[PDB]
Amino acid sequence: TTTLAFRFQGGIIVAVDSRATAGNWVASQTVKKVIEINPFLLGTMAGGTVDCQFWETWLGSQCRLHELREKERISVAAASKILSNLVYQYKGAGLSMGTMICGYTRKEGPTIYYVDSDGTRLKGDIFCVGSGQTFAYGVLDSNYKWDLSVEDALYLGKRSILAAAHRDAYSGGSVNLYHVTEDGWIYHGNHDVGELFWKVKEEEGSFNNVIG
Amino acid sequence: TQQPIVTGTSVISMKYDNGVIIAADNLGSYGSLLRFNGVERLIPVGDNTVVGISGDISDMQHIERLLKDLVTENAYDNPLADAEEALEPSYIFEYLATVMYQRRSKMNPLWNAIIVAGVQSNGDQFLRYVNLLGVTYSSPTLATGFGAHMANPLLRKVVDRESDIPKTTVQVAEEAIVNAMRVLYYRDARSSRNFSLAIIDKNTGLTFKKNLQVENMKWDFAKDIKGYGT
Amino acid sequence: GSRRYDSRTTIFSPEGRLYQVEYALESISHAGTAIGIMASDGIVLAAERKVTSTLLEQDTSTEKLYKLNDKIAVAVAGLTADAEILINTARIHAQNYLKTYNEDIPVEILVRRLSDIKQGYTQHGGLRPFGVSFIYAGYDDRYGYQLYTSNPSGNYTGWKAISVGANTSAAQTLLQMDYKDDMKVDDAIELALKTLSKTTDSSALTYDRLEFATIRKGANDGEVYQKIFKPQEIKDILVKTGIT
Amino acid sequence: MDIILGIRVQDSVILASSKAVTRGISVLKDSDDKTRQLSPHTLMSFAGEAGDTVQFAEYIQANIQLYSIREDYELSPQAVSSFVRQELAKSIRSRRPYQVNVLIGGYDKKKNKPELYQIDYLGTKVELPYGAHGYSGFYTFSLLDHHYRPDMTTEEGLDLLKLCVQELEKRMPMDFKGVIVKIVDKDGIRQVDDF
Amino acid sequence: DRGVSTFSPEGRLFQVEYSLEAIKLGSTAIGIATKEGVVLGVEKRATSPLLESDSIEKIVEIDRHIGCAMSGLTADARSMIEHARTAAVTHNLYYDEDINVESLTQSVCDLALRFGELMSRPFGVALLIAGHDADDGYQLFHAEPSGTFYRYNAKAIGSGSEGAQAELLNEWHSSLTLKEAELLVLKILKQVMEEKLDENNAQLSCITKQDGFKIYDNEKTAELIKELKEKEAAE
Amino acid sequence: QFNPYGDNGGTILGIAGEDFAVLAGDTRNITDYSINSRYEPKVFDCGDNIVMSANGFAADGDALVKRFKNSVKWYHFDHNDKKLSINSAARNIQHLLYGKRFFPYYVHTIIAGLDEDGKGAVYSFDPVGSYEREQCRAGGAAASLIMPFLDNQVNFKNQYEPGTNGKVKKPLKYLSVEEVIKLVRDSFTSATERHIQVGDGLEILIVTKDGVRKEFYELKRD
Amino acid sequence: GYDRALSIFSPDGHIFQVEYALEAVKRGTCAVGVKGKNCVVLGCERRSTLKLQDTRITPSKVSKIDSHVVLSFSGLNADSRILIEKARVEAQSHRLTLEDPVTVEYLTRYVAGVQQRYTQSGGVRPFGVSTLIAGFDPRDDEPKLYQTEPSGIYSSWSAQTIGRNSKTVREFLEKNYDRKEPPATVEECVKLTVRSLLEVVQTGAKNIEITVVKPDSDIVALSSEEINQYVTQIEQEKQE
Amino acid sequence: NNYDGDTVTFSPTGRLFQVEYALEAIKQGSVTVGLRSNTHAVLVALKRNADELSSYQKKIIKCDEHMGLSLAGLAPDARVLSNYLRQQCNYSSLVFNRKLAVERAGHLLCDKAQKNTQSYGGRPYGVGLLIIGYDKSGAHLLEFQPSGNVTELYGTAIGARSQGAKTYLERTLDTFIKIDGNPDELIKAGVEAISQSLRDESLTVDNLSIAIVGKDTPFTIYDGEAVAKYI
Ligand SMILES: *[C@@](C)(CO)[C@](*)(O)[C@H](CC(C)C)NC(=O)[C@H](Cc1ccccc1)NC(=O)[C@H](CC(C)C)NC(=O)[C@H](CCc1ccccc1)NC(=O)CN1CCOCC1
Ligand SMILES: [Mg+2]
């Protein structure tokens, strides 16, 4: 996997690849690695597929029960802590997860929490998670500014996944984009790396290592 | 977690036009030591089912007790215990298969390979296998241990698919089984000459043959063999 | 079944009272009177033994006054056997606190926990409550000298001077009369004895029918001492105040 | 997690804690605060196994805060340190022990004295003028042995602390992304923003 | 005394029959089912004027497609609602779908008889459970502490129930619009209520396929009260 | 030491069309280098127009199918005979598998049927419960042989329109039941040639609105 | 374990054990809660048959559940400690998991739920206690005042009283409290609270306790002299 | 009188009054009929409503593809006992690959009901059941009573005014027993049987409830417009 999410002037960008592997066997190219928890909350998935899938789906059930009981949408901090406290109970049992809980609320504003299977929980502006996280960091960090436009931010997120998809053998398939605003999350399409790589190469003039 | 101590070797079987045949030798091995010679490894359940068991003998004797108790339990409050509500081969198998899988799932298996042979109430032939892992399968011929490697090839020459079953008589079928038992005596180091054989027919019923022996053996050619090369 | 024989110890009356707690208090009102008086420089505990026999061994005896730790003591009124169950619990609780925090337990914390145990027997379990009322006398570095009382209901309150057991109505009136805030220990000793002497059901108050204890800072420099009075020491203090 | 330091001076306790959070070959964060306020005049820094550290720190924080509400009173640093030690001492013989090392810096208002306690994951407690956990001690202890005096001011203590961080930044293999410094004194807990 | 799970000579459970008397003392709740939706309305009944009436929560959401109104010992309903919400969400987790209104009601009614010598007594509260699903459409259920539930086209529970039920018998037909049903609940509530009906002492709610379960504002209900008074004076 | 797992070989294949869905699987059952059965079915009609196969360790496969079949039965009892949708079945199976996360069912599970819009559906699971809807999936011993062939022939991967300079892709379209069965039969004959654990017989289960049909074909027995 | 069902229905549909618990509340000392425009005030009666008391150490009638919420009560004192302890633990547990202090409504809902559980659990009797819970939600300046009772029902109040002679002081508050214009300041709110207690108490000496709660965890208890000034002022205006 | 406080107490004449009071709850329940031939077995049940605005309480419950029952009395108790039967039928299938005999089904219900009549704290079940089924020995009809007593019959009826239908079936015994290979005629006989228990009310389309099981017929229930044929 390669997944990222960063905070900026216009909210939160979230971008992920869609590959799934079993060793060197490419098992799927069309995996949904973003889970839609509610209209204002997103969760990213890296590590063991089922662990992430199962428990983030379960997280959505716990968030629904919160707003039924409390008559109010759950905070990003509280949502992330439900997941982190859960995996901490299983610490040592062998769960494998690298997740990011992204969302907007009134009291918090745009917020991103990193949560992993050894119990780590971190608030932050930029995170890249997965086997190709370092490749995504390289492009993202060197081009990141807080004052990026919504258009430029969407592209940088897309371009960072593409960078990792190219170099990391265990990342690829297609890019899934999301933009999180004060009004909620907005889906910005599925982008196949097959067509996207050549389109980006031609238009941007990058990827000169590759035979054109 | 177990290790098998006193063990029983191959159990072999096949279907024929009117029923099923099953066989197994009377040996209880203690490693390389051929310890016990009067061991019966075919256990009839009613007049329509025979259960053949290989592997650990202590676990075989436990299974005997379970089947014995199953007959008793089925007879309770059952006026049709010797008629419509008698124990079928399929009932006896599914019970054993359930037990075997539950025991493997508790990491404490019954160290056996089992073949349930019999005839159903509607006349249909029943022959199915189950082992310590809870793995189950059915076939026109079935065999355990060395039987799987040596008997099945010979028995499949008689009944290769389903359509060959009506074409196979009890005389032809028993001949193949007895032949397979001879081959196993030549080649299996933990086998014996003495064995038991059981036939379950839809017409003539259950015939249980004890104290059979492997015979008509070819050993004469051994006298001509000298040295290992020169 | 067994429903037939259940007394239902933990229920309310139509008036909103707990039957068993009320009857336990009625039991305690027949027990020997115990008095606690708190002074500025110490605390006095005085208690009357229940009708003594001349062949009772007086010096090697303990009925009313018990030591919980080096800084806290209690005066008992009610069933002695019940009190000892609670006392051993309180003693253990004090040592748990010391083991955990490396500090002697604050008086109120010990009192609250003991009172919480009593409360439990009135709300659940279907058992009879403990027929005991305590006077806690103790010191800690937060509030200094402190007097508390607890009863079978599990309710506790703080006091400057207080009595439990028999004749508390008469005893409390006398304490309310002669008590003042700038009082010393030696004066409080005299008040405690004078009050028992007037409220007693006996003919005359004597050394053999009393238990007495002080908690002073009368040791050497900034430390507290517990004195459980010997028979001869009670005989002398009774002569010194002119009661005998 | 990695670097946590502590220095007790005349009138205060100063705790310094590294900002880096590293996993694998990536520094995930460079602004992490490895401390929790247990009470107005008691601060605990921590370091060790991932997940365990924060889970343990917050669990202790909750218990001390519960005590404060119940008694309407602040526990002494000594009392808090003993409570913490016992919890770790229980933990070490559990099915899965907390692998967390802590420093507890506090100001005792009754004694009017600063106090620094060092407790490892086994439940080994010591009161010290200066303390450290992990590989940090191998550089800082010898340095403080030389330069430390018991009558130093808070400003003198911060300069002494700058000397420790400089040495670590010179000789430590890993980039720990500087430190967050906090002071504990008679007026409570405050953070130094420019270090 | 006597056992909690004892039968009377007539063949009824004493404790269940006594809990039904407690429900008759409770405040009135009415529900009406239409092809356009299901309406739920309740009498708040504040014990004193100083009590802030908006904190009286006798209509409750279970899921987006299921709502609930109560009557009787309303404190007893909290654990019933908690169970219902968990049942609804748990089913969505196991089957990736909304749960049938009937199945939800059956799950709640399974708690009912789990008492004896499990909890110490039956629930002293009745529930009206309204909802929608793809199979059986708009539904209204009446869940009792006996463990029994009936589906209803319309139903009233509480102190003014027998009087309100007789009125619902005459007024209900299969072609009622949602607006007609809203007014009908207000009309019948105003009849059986002690104090004069207004937006502060009564509360409306509905569940529709499109918008799901919604509790109405005091402003929205106030207009429906004004519309109701005008229509009765118009003939 | 006792090893609770085993490998029974075989391979399975699911393809979805516009108004239908097929779930195929060979009938061979093996252990090590021996054949146990030439005809032992592992594709099952589970009711509600849902076909299922759990390939790998047969004892775990049978256990799972048995539990899901039973899950369907209790779904009817508890929810007024409601039809279990394919998407609901998929989620239910995830919980069955994950329930043994720390002692897993050693199987690749595939189910097939029609979605609630009447369109063909295929879901596939890993051994511990992760799942995904797809047009196409091969599972089991010969999955690595068959799957890339399906990418090329079902989803027209790496195929471009002739003469368009590799700019225009070959357009996606649904395949007829006839065309799909051709691909299935060819996939299994190819797999039989190059994989030793695959052979003996092929059994296909086709699922339309009218019900569940079966087709059987012979495969090489070596 | 002791299993007996103590709280059960009667032929007329009443749970007598719950109703007898309300009688215990009626016996308890009076407690009053009044919320103003920017504050809440909790007033409490203390009976004067107990002289020679030590007020330093004696348990106070108003208890802090967290730094922003307080709880007063009427009824059995020993029972109240059990509810207060549970509430305090739940307050810290909420901060731990939700990373935010409890709302006053949530804390009330929890305490009320505990009280309810004791009305249909075997082997236990109901709590002989009714509570007044007051405070301010995190990052909020709207005053909150809730009431609970043994049955388990809870509700919000502009102003409310519980305990002995509570029906007299509730009568006073019902005509003296204006919904359209609540006590604008702290002084106005405290005065109305003291006035209401003076209808029932006896003497305004060491019989009245007052606790003021303001936004952002600002809670303070008034001393004798401070309260006595309100008593002195009210009596002089009364003689008219 | 003094001996009806709980189920654990015998009366001086040897009666269990709590068991008898549970039996009384069945008599108050709505009528339901059971009958069988050699090929099929039929349940007919009169459903009851709260009022005209309410639904009609469902009386028949499916236990397996080859077995099910009708109820009369406390419906929740029928739900508990039917759920137990569903599990027992299911255990027999999963473990033994064997359809549970209807006779064994009765023995299991008997033993479950009995335990509740010999222990302190518990109570008897307050419902009577008619179990029909088709197994390896043909069609069957059982009558369950919460005392524990289970009885196999050709036909029967339980509930209020059940004596009318029970007398009719006793007369019609020789006729309906030989209705083999004809479902509709066996139902007609069952519908005519339950009609002998009606007073002031007649069988309507949302009032009647029929269920059938047989040789080539799984246990199925008919309600609504599907029973209009039999009115
Ligand atoms: C990038 C793409 C790679 O790291 C991402 O991290 C993705 C995250 C997405 C999918 C959410 N991760 C994977 O693709 C992940 C990598 C991985 C594998 C195993 C353990 C940890 C991480 N892959 C999986 O989880 C695959 C997904 C399948 C192919 C749909 N699943 C498996 O490998 C499963 C289950 C692994 C497992 C975990 C815990 C306990 C037991 C098993 N294993 C198999 O399917 C076994 N194998 C398949 C091939 O045939 C032989 C049997
Ligand atoms: Mg790559």
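Residues numbered from 1 in each chain as written, not as in the entry; some residues may be left out. Chains lettered and ligands numbered in written order. Part of a larger assembly, values for the part shown. Heavy atoms only, no water.

Method of determination, as given in the entry header: X-ray crystallography; reported resolution: 2.80 Å.

Q: Where do I start with the nonpolar core in this structure?
A: Nonpolar side chains in soluble globular proteins tend to end up buried together. Residues and elements named next belong to chain F. Within the largest apolar cluster, 49 residues are counted, with the highest numbers of intra-cluster contacts made by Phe-68 and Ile-111. Per element, the largest residue contribution to this core is seven residues, and it comes from helix α1 (residues 58-78). With sequence-adjacent residues up to four places away left out, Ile-111 is seen in contact with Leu-23, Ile-50, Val-51, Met-52, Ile-86, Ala-89, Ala-90, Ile-93, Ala-121, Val-122, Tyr-123 and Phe-125. (Core = buried A, V, L, I, M, F, W, Y, C linked by side-chain atoms within 4.5 Å. Buried < 20%, exposed > 50% of the residue type's maximum accessible area, 1.4 Å probe, protein only. Helix = DSSP H or I, 4+ residues; strand = E, 2+ residues; numbered from the N terminus. Contact = heavy atoms within 4.5 Å.)

Q: Explain the pairing of strand β6 (residues 137-143) of chain E here, please?
A: Each regular strand shows side chains that alternate between the opposite faces of the sheet. All names here are of chain E. Where burial is concerned, most of β6 is hidden: seven out of the seven residues are buried. The sheet contact formed by strand β5 (residues 125-133) and β6 spans seven bridges and is antiparallel. Each bridged residue has a counterpart across the sheet, and for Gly-131 the counterpart in β6 is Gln-139. The turn linking β5 back onto β6 is made up of three residues. Pairing of β6 with strand β7 (residues 149-151), which is carried by three bridges, proceeds in the antiparallel orientation. Bridge assignment links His-142 to a residue of β7, and that residue is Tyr-150. Where β6 hands over to β7, the hairpin turn is made up of five residues, of which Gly-147 adopts a positive phi near 95 degrees. (Pairing = 2+ DSSP bridges.)

Q: Where do I start with the site of ligand 1 in this structure?
A: Residues in close proximity to ligand 1 total 17 residues, the closest being A:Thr1, A:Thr21, A:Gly47, A:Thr49 and A:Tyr170. A distance of 2.8 Å separates a nitrogen atom of ligand 1 from a polar atom in the backbone of A:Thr21. For ligand 1, a nitrogen atom lies 3.5 Å from a polar atom in the side chain of F:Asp126. Expressed as a share of its isolated accessible area of 990 Å², the protein-covered part of ligand 1 is 66%. Considering only residue class, the shell around ligand 1 consists of six nonpolar, seven polar and four charged. (Near = heavy atom within 4 Å. Polar contact = N/O pair within 3.5 Å; in protein donor to acceptor, adjacent residues only side chain to side chain. Areas by Shrake-Rupley, 256 points an atom, 1.4 Å probe, with all protein chains shown as cover. Nonpolar A, V, L, I, M, F, W, Y, C, P; charged D, E, K, R; others polar.)

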